[PDB]
Structures are given as C-alpha cells and as structure tokens.
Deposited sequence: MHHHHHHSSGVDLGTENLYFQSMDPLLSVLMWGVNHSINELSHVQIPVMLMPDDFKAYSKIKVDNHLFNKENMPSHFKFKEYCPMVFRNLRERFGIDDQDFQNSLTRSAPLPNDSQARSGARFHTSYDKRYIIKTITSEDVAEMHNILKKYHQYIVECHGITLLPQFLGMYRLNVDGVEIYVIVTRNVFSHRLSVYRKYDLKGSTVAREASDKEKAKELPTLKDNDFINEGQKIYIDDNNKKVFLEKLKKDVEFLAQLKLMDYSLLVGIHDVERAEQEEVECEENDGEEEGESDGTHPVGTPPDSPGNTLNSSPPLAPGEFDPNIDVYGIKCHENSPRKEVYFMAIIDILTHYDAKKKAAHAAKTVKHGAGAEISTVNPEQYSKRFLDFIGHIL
C-alpha cells in the first residue's frame, strides 16, 4: 500500500499533501459556482510526529494549498477526476527530468515544477481571469492547465510547487522535442544539451535540422485558431516569454525499440493525451505531434519587447513553421 517514501523529503511531503488535499475536498461540497473569496483562500497543515512513522516520512513538515476550490474546479473543467489525480501524484514518487529541473508523475500524466513566491503572487494576480477564460473556451485551450499549487516546508527548506498537465503522451514516447519562441538571436541548444538522450532543442535547431510538421490543412487551421485566442489572452494579461513546446513521436522508431525488448501503433486516447495531432496521410514518416503553450508567467512590469509585439512575433513564427 501507499507509504509516500522517497530519498527526497520534499517529494514525500508533496505526495502526503496531495493525498491529504484531495481527501479533505472529498469532505467539502462542490459549490454551484466559485466566489471571489475562493481566489484568496488557502489550507495550511503543520504535522509534528514524535516516534511515529519515523521511517517512511519526515517527522516535522508543513504543507499549504492555494485556492483549493479553484484548482478543484479547474481539474474538473479539464476532464480530470480528483481520485485519478490523487493516484497519479501519490501511488509512486514523481520522477526527476534528470532551475531547468522538473518532475513527471510516475504515470507521465502530470508535470511538477518548483516556482518562486513571485510566481505564486502572479498566479493569484491572473487566477480569476484564467478561470473565466477556461469557462468560456469549455476547457479547450493550448494554455498550461494549472491543476494544483502548493507550498512545502521540511528540514528548513521552503519551496512553492505547480502541477500542470503533460503536453506529451502518457504512453507514446517523444524522440524529439522543441521549445519554440521566435525572434531570439542564438536561441538554440548548447553542446551539453545536444549530447543528452532527449535534448530540449530550440528555434535555430528547428530551422537548421529541416524540421517539418505534417498535419492536414484542417488540423493546422483549428490549431493556429486556438493559438491566436490563447496568445491574445496572454497579451491582454501583459504576459510574455512563453514557448510552444513541440514533442514528436516516431511510430517506426518506437516500434524498433519494442522489438529489442488495444491502441494500434500511432493511436492515442485524445481524452488523456489532449494535445496530440496525427500526421497527414502523406507524411514521409508516421508521426504524432504533441504541441501546447508552456511557461506563461512573466509579467511585462517584471531590447524590452512588449506583450503585444511578443504575441505577434510568436504567432508569426509558429505560422511560418506550422
């Protein structure tokens, strides 16, 4: 059964705190609708164990959840059941990707990131507009899905954490990934980065490697129409420096790595892998693309391009590569 053990005590507190948060909400009514107070709310928990569970958990920790009712409503609006979320974040420890550091949930559904107190403050600044935007697009958006936000304290180490939905497939592997922005001199992966297993490539890598993305005219028009709305919303909030993250699944590469070791090859569940787009019938390779916006929370007040200019250049760059 579930002990929340880790060598990383901050991961043990995160798994414990998500378990607690979700069980607590099981004892709080789902309201007709969110109110203003729900956007300034928190729950704080301080645990002090003495000679109790001293093996599998730290004895002294704090866990704080920001606006629990709002993130619960956001999970529901993005089609995520709270018990599934709880199992994803607690049944086995999140895995490190190894400042660039992130974790993935064990089942690769969710991304966990350490954020600053400035981030948390900016999150509260946008949370009402973000929530209403999610309402009006019926949860259909390329924006990050913010699913939970927490503060952890153990051993005198304080961190803030955000949980988002993975852009990539929980099952289909990515052999190539790009963080894309536009209009940035020398924006390309370092030598050390390109030497890794799965490098995070960037704008000049995408251009200089001849990267194409083969989606049909309909999927392109639907995708670019969402991007425009989402990026216009970000520019209204005065946000900038966001990326399009692009993951490519190569069906025949994935297949050759199985032979070394029921959805058909290249098929995915669009209710789980929500950012997936199939290639068109004339791709030179059978590929599946995963594409969405990440990393939105830079406010213009914090060469300085303005958010209008950033949004136009970004849309122009993505439009010119597809």
{"property": "Ranges missing from the model, given as deposited sequence positions", "result": "1-16, 115-119, 283-314, 356-374"}
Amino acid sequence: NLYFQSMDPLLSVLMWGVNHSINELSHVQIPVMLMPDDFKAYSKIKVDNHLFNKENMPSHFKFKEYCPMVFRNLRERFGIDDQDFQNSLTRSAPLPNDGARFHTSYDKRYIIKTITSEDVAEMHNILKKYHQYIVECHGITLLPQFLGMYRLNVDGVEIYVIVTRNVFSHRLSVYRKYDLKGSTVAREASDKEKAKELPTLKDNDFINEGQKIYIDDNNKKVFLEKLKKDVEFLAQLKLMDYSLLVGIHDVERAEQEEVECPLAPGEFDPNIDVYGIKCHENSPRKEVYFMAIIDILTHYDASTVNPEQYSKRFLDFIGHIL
From here on, numbers count along this sequence of modelled residues.
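Take the two forms, superpose them, and find the largest set of C-alpha atoms that agree within 1.5 Å; that set is the rigid core.
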| item | value |
| --- | --- |
| Greatest C-alpha divergence in 6 other deposited structures of this protein once each structure is fitted on the rigid core, 196-204 or 112-120 | 196-204 |
| More shifted region, core-based fit in 6 other deposited structures of this protein, 291-299 vs 274-282 by CA | 291-299 |
| Other entries omitting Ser311, at least a third | no |
| At least a third of the other entries leave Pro58 unmodelled | no |
| Given 114-122 and 179-187, the range whose Cα B-factors average higher in the PDB entry | 179-187 |
| Mean Cα B-factor comparison, 288-296 or 267-275, giving the higher one as deposited | 267-275 |
| Which of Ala41, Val47, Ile30, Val70 ranks first by CA B-factor in the deposited coordinates | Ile30 |
| Highest-ranked of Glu158, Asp216, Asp84, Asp230 once sorted by CA temperature factor in the record | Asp216 |
| Position of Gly210 among the chain's modelled residues by C-alpha B-factor, lowest, middle or highest third | highest |
| Lowest, middle or highest third - CA B-factor, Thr104 | lowest |
| Chain thirds of CA B-factor: placement of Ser169 | middle |
| Third assignment of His60 from its chain's C-alpha B-factors | middle |
| Chain thirds of CA B-factor: placement of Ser311 | middle |
